[PDB]
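Trainee: Before I ask anything, let me first share the structure, which is written out below as structure tokens.
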Protein chains: 2
Amino acid sequence: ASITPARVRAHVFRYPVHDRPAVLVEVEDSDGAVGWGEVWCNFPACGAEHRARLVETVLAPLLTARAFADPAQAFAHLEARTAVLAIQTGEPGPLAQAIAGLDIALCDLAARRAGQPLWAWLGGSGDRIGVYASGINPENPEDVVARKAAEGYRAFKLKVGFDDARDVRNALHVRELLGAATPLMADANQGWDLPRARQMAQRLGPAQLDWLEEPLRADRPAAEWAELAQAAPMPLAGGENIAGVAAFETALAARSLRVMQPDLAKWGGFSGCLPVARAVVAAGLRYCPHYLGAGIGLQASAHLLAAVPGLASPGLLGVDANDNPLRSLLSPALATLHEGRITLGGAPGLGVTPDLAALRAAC
Amino acid sequence: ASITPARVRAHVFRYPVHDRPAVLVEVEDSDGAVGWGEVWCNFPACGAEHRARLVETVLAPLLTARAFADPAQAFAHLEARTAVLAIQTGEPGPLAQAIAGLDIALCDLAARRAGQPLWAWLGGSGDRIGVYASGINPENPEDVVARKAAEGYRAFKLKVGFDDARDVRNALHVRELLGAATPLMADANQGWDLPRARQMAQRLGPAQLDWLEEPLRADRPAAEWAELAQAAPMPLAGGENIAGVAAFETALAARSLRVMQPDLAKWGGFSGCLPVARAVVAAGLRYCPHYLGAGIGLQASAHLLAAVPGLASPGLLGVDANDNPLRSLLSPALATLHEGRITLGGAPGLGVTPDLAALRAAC
């Protein structure tokens, strides 16, 4: 059955730690069914309100003007109808992020209406996936690692790109503290230039990392990346800052990044990321999503990972290691964490319906 | 005399007509001196608040933490220090715009301190410039053209791209009305694909247009612009949606566009646009800016055009044809409009200081 959006809304939340912002969107069909989704908005710090405004004043009008055979058709329609606007305003990101969020909501709506958990609706056959503690801070990792390993995590990702000396210390130390079986990862957030990247890569090798994330700016020429891949001892990862089928297609063909990390709440949602995840896995590469926002986006990625678990190189879902009620409050699956894994269950859709009253009461 | 920003505030205004938005910025010197600027924000309709937030939460701190030899240096610092944030968020536009507005204010501040009108500061030798009624709607062109002619306008630009047949009717009709010596332009706002532009550029030929603006999306590969440029009877114009030094060099390298129109409030400000505007005129091409925002940005554009008069063909500053107090209450140069031309006078800086209190009241 087709989807006829009748009411579309965006809700902004901000939990103070600076705070953790969140943009939740809800789509209501004319017949009453409802779907929920999240819009990436960690940066800038003030972008949450703008993204929510985009959803209500730009996208919503387009969504409630007709019907759509399914989420994918609505995605293409919203992309096509804002292409020029994106060029006029220079806001490819905000528009992509608002559209991604809306796509998760529509898929949630569709799946909830079909009576299937999102992972099944997406073609998956299992609901259990592994995870990893993402974003561990450079202060003293081994400390936060232990807490998480206690919570049930069996994979961790340290943050480097600050002080070459310190970072290398944390990597090797945590490696020793964990053992040799535990997968360990590092994220530099586009913090290095080619020269420094080549060096840190080499220096990190002993840490036996599963991958080195964004060692360079996504901006850098493909050629610089190619050179770093060859030179580096571990596989490179990126995707958080890649958007569009063409962009992912180019990175995929280059094979400089052996771990692709598309963020469904930042671009494409399910309609866009499902096919790129499939392209990555089929190319022999590794698909490992991550979401550092509220629970809805996390649940969403969990369902997608379940639908595309990888073959020879299974994938893990990155869960923000930093405290944040906006995640644990809207991500029931995290309660199943046991032995580095979680199970999504069979609740139709995302498996979570935000309690708005309760969310603002936590803010 | 170096610049040492101390306080940077952004004020948003929305004049109900849905409504005309505006974001004015004021940078206060360490000596108490003040400079004013404008940050482009026509689209999306909800984008004004976000841009003002960017100025106060992201650019202000960078700006007020050090000193700068001149505005150009502060400009280069702001771009470099936000390059990565642009990637992470996909907001190259909002950031460029906020940056451009702040450059306009730093230059305004510098010109005032030197006791000079911005045009003189930019190294200009005259203050008299031509203008054109810009953005006449397709419904009844002959009517508003008559009205604007009565107001003092001796050049006009029509909006096209909606309906092929009606557009060529309007184009030719308005040409008849105006006679022949009167400059006539047309703006398609990236509304056509290559084969349609070729077709229309041909059918418009008899209107004897001075230039066809944005016939294709700014996105299109050089090959499509190169082809259209050859097939078109009139020259092509663009710039509204070209940002960055590298993008203009590319446009310049091809010369498909013979009329370059950088929007100093959208990108680069004076620090960025003066060089490209001078480069355009020296390369034997026309530099015809236009500002459809509020008065501050328009005055800023008039000054730049005065500083870069033109050699081959006299540059023309485009003024919004529709009513907007946000523009009229802040652009006194218009009160000198006589025989399709205005003069900036010797008043320091932009030649105007906004009356926030008054403006809010008018809203």
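Labels used: A, B, ... for chains in the order of the structure tokens, numbers from 1 for residues in each chain, and numbers from 1 for ligands as shown.
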Please, which residues of region 193-250 of chain A, numbered as in this document, come out helix (DSSP H, G or I) from DSSP, as an NGL selection string?
Mentor: :A and (194-207 or 222-231 or 245-250)
Trainee: Within 9 Å of chain B, which residues belong to chain A? Use only C-alpha atoms and report them as a PyMOL selection string.
Mentor: chain A and resi 41-47+49-50+53-54+57-58+84-85+87-94+96+190+217-219+240-241
Trainee: Could you work out how far CA of residue 265 (chain B) lies from CA of residue 62 (chain B), giving the answer in Å with one decimal?
Mentor: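 It comes out at 19.6 Å.
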Trainee: Quick one: everything within 10 Å of residue 323 (chain B), counting only C-alpha atoms, minus sequence neighbours fewer than 5 positions away in the same chain. Send it as number ranges by chain.
Mentor: B: 17, 20, 328
Trainee: By how many Å are CA of residue 263 (chain B) and CA of residue 290 (chain B) apart?
Mentor: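 We find that CA of residue 263 (chain B) and CA of residue 290 (chain B) lie 6.9 Å from each other.
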Trainee: Could you state the separation of CA of residue 238 (chain A) and CA of residue 13 (chain A) in Å, given to one decimal place?
Mentor: 27.8 Å
Trainee: I need the residue nearest residue 207 (chain B) from this list: B:261, B:134, B:170, B:230. Use only C-alpha atoms for the distance.
Mentor: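 The shortest atom-to-atom distance to residue 207 (chain B) comes from B:170.
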Trainee: Could you name the residues that touch residue 286 (chain A) at 12 Å or less, counting only C-alpha atoms, but leaving out those on the same chain fewer than 5 positions away, as a VMD selection string?
Mentor: chain A and resid 210 to 211 235 to 239 252 255 257 to 262 276 to 281 305 308 to 317
Trainee: Keeping only N, CA and C atoms, write the selected residues as a CSV table (one decimal), in the first residue's frame.
Mentor:
```csv
chain,number,residue,atom,x,y,z
A,210,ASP,N,41.7,-2.8,14.0
A,210,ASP,CA,40.8,-3.4,13.0
A,210,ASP,C,40.7,-2.4,11.8
A,211,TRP,N,40.8,-1.1,12.1
A,211,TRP,CA,40.8,-0.1,11.1
A,211,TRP,C,41.2,1.3,11.6
A,235,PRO,N,43.5,-1.5,7.7
A,235,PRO,CA,42.6,-0.9,6.7
A,235,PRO,C,42.1,0.5,7.1
A,236,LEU,N,41.8,1.3,6.1
A,236,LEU,CA,41.3,2.6,6.3
A,236,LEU,C,39.8,2.6,6.3
A,237,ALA,N,39.1,3.5,7.1
A,237,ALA,CA,37.7,3.5,7.1
A,237,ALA,C,37.2,5.0,7.0
A,238,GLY,N,36.0,5.1,6.4
A,238,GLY,CA,35.4,6.4,6.2
A,238,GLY,C,34.0,6.3,5.7
A,239,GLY,N,33.3,7.4,5.7
A,239,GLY,CA,31.9,7.4,5.1
A,239,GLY,C,31.0,8.4,5.8
A,252,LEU,N,34.1,3.4,-3.3
A,252,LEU,CA,34.0,2.0,-3.4
A,252,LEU,C,34.9,1.5,-4.5
A,255,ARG,N,38.7,1.6,-3.6
A,255,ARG,CA,39.2,0.6,-2.6
A,255,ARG,C,40.2,1.1,-1.6
A,257,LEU,N,39.4,2.8,1.1
A,257,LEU,CA,38.7,2.6,2.3
A,257,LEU,C,38.2,1.1,2.3
A,258,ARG,N,38.7,0.2,3.2
A,258,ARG,CA,38.2,-1.1,3.2
A,258,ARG,C,37.1,-1.3,4.2
A,259,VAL,N,36.8,-0.3,4.9
A,259,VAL,CA,35.6,-0.3,5.9
A,259,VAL,C,34.9,1.0,5.5
A,260,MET,N,33.7,0.8,5.0
A,260,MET,CA,32.8,2.0,4.6
A,260,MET,C,31.8,2.2,5.7
A,261,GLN,N,31.6,3.4,6.1
A,261,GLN,CA,30.7,3.8,7.2
A,261,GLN,C,29.7,4.8,6.9
A,262,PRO,N,28.7,4.5,6.0
A,262,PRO,CA,27.7,5.5,5.7
A,262,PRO,C,26.7,5.7,7.0
A,276,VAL,N,24.1,0.9,-0.9
A,276,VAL,CA,25.5,1.1,-0.8
A,276,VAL,C,26.1,0.1,0.2
A,277,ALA,N,25.4,-0.3,1.2
A,277,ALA,CA,25.9,-1.3,2.2
A,277,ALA,C,26.1,-2.6,1.4
A,278,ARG,N,25.1,-2.9,0.6
A,278,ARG,CA,25.1,-4.1,-0.2
A,278,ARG,C,26.3,-4.1,-1.2
A,279,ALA,N,26.5,-2.9,-1.8
A,279,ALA,CA,27.6,-2.8,-2.8
A,279,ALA,C,29.0,-3.0,-2.1
A,280,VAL,N,29.1,-2.5,-0.8
A,280,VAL,CA,30.3,-2.7,-0.1
A,280,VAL,C,30.7,-4.1,0.2
A,281,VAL,N,29.7,-4.8,0.8
A,281,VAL,CA,29.8,-6.2,1.2
A,281,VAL,C,30.1,-7.1,0.0
A,305,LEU,N,22.1,-2.8,9.8
A,305,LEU,CA,23.3,-3.7,9.9
A,305,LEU,C,22.7,-5.1,9.9
A,308,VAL,N,22.1,-6.2,6.5
A,308,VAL,CA,23.3,-6.4,5.7
A,308,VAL,C,24.5,-6.6,6.7
A,309,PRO,N,24.5,-7.8,7.3
A,309,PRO,CA,25.6,-8.2,8.3
A,309,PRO,C,27.0,-8.5,7.8
A,310,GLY,N,27.1,-8.5,6.4
A,310,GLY,CA,28.4,-8.8,5.9
A,310,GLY,C,28.6,-10.3,5.8
A,311,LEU,N,29.6,-10.7,5.1
A,311,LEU,CA,29.9,-12.2,4.9
A,311,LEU,C,31.1,-12.6,5.6
A,312,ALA,N,32.3,-12.6,4.9
A,312,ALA,CA,33.5,-13.0,5.5
A,312,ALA,C,34.0,-12.0,6.6
A,313,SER,N,33.6,-10.7,6.4
A,313,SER,CA,34.0,-9.7,7.3
A,313,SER,C,32.7,-9.1,7.9
A,314,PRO,N,32.2,-9.8,9.0
A,314,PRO,CA,31.0,-9.3,9.6
A,314,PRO,C,31.1,-7.8,10.1
A,315,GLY,N,30.0,-7.1,10.3
A,315,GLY,CA,30.1,-5.8,10.7
A,315,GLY,C,29.6,-5.5,12.1
A,316,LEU,N,30.1,-4.4,12.7
A,316,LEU,CA,29.8,-4.0,14.0
A,316,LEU,C,29.1,-2.7,14.0
A,317,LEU,N,28.2,-2.4,15.0
A,317,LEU,CA,27.5,-1.2,15.1
A,317,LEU,C,28.1,-0.3,16.1
```
Trainee: What are the DSSP strand (DSSP E or B) residues of region 192-313 of chain B, as a list in words?
Mentor: residues 211, 212, 213, 236, 237, 238, 257, 258, 259, 260, 286, 287, 290 and 291 of chain B
Trainee: Take the residues from that selection and write them out as a PDB file, in the first residue's frame, keeping N, CA and C atoms.
Mentor:
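The new file out.pdb reads:
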```
ATOM      1  N   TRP B 211      22.204  39.522 -21.729  1.00  0.00           N
ATOM      2  CA  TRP B 211      22.720  38.268 -21.197  1.00  0.00           C
ATOM      3  C   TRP B 211      21.607  37.347 -20.693  1.00  0.00           C
ATOM      4  N   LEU B 212      21.884  36.045 -20.712  1.00  0.00           N
ATOM      5  CA  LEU B 212      20.942  35.029 -20.257  1.00  0.00           C
ATOM      6  C   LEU B 212      21.535  34.501 -18.948  1.00  0.00           C
ATOM      7  N   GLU B 213      20.843  34.741 -17.840  1.00  0.00           N
ATOM      8  CA  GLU B 213      21.361  34.328 -16.545  1.00  0.00           C
ATOM      9  C   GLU B 213      20.957  32.940 -16.060  1.00  0.00           C
ATOM     10  N   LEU B 236      26.213  34.485 -21.800  1.00  0.00           N
ATOM     11  CA  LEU B 236      25.722  33.804 -20.626  1.00  0.00           C
ATOM     12  C   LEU B 236      26.239  34.492 -19.361  1.00  0.00           C
ATOM     13  N   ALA B 237      25.442  34.446 -18.296  1.00  0.00           N
ATOM     14  CA  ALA B 237      25.830  35.054 -17.031  1.00  0.00           C
ATOM     15  C   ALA B 237      25.610  34.082 -15.875  1.00  0.00           C
ATOM     16  N   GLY B 238      26.414  34.234 -14.824  1.00  0.00           N
ATOM     17  CA  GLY B 238      26.298  33.381 -13.658  1.00  0.00           C
ATOM     18  C   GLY B 238      27.233  33.880 -12.577  1.00  0.00           C
ATOM     19  N   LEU B 257      30.842  31.812 -19.426  1.00  0.00           N
ATOM     20  CA  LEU B 257      30.076  32.899 -18.829  1.00  0.00           C
ATOM     21  C   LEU B 257      30.819  34.174 -19.235  1.00  0.00           C
ATOM     22  N   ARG B 258      30.123  35.133 -19.833  1.00  0.00           N
ATOM     23  CA  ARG B 258      30.785  36.380 -20.212  1.00  0.00           C
ATOM     24  C   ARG B 258      30.424  37.507 -19.250  1.00  0.00           C
ATOM     25  N   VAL B 259      29.460  37.225 -18.384  1.00  0.00           N
ATOM     26  CA  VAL B 259      29.017  38.165 -17.371  1.00  0.00           C
ATOM     27  C   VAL B 259      29.106  37.406 -16.046  1.00  0.00           C
ATOM     28  N   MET B 260      30.120  37.725 -15.249  1.00  0.00           N
ATOM     29  CA  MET B 260      30.289  37.065 -13.966  1.00  0.00           C
ATOM     30  C   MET B 260      29.638  37.923 -12.897  1.00  0.00           C
ATOM     31  N   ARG B 286      32.332  41.122 -18.504  1.00  0.00           N
ATOM     32  CA  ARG B 286      31.530  42.046 -17.693  1.00  0.00           C
ATOM     33  C   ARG B 286      31.329  41.567 -16.263  1.00  0.00           C
ATOM     34  N   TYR B 287      31.378  42.507 -15.328  1.00  0.00           N
ATOM     35  CA  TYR B 287      31.133  42.220 -13.926  1.00  0.00           C
ATOM     36  C   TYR B 287      29.859  42.978 -13.559  1.00  0.00           C
ATOM     37  N   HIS B 290      24.427  41.933  -8.346  1.00  0.00           N
ATOM     38  CA  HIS B 290      23.027  42.193  -8.043  1.00  0.00           C
ATOM     39  C   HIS B 290      22.762  41.639  -6.663  1.00  0.00           C
ATOM     40  N   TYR B 291      21.988  42.365  -5.873  1.00  0.00           N
ATOM     41  CA  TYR B 291      21.672  41.905  -4.537  1.00  0.00           C
ATOM     42  C   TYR B 291      20.160  41.988  -4.317  1.00  0.00           C
TER      43      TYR B 291
END
```
Trainee: Using only C-alpha atoms, which residues sit within 12 Å of residue 208 (chain B) once same-chain residues fewer than 2 positions away are excluded, as a PyMOL selection string?
Mentor: chain B and resi 168+171-176+178-186+201-206+210-212+232-235
Trainee: Determine the nearest neighbour of residue 330 (chain A) from the options A:289, A:37, A:195, A:135, counting only C-alpha atoms.
Mentor: A:37
Trainee: Excluding residue 145 (chain B) and its own-chain neighbours fewer than 4 positions away, which residues fall within 9 Å of it when counting only C-alpha atoms? Please give them as an MDAnalysis selection string.
Mentor: chainID B and resid 133 136 140:141 149:150 153 156 174 178 321
Trainee: Tell me which protein, DNA and RNA residues are within 9 Å of residue 271 (chain A), counting only C-alpha atoms, leaving out same-chain ones fewer than 5 positions away, and put them as JSON, numbers by chain.
Mentor: {"A": [71, 72, 73, 75, 76, 100, 103, 104, 107]}
Trainee: Write the residues of the preceding selection, restricted to C-alpha atoms, as a compact mmCIF listing (two decimals), in the first residue's frame.
Mentor:
```txt
# COMPACT_ATOMS: atom_id res chain seq x y z
CA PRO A 71 9.65 5.19 0.98
CA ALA A 72 12.17 4.93 -1.88
CA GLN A 73 9.91 6.89 -4.23
CA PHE A 75 13.20 9.81 -1.18
CA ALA A 76 13.87 10.29 -4.87
CA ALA A 100 17.54 10.98 5.62
CA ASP A 103 13.20 8.37 5.05
CA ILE A 104 13.79 6.45 8.30
CA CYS A 107 10.28 3.15 6.34
```
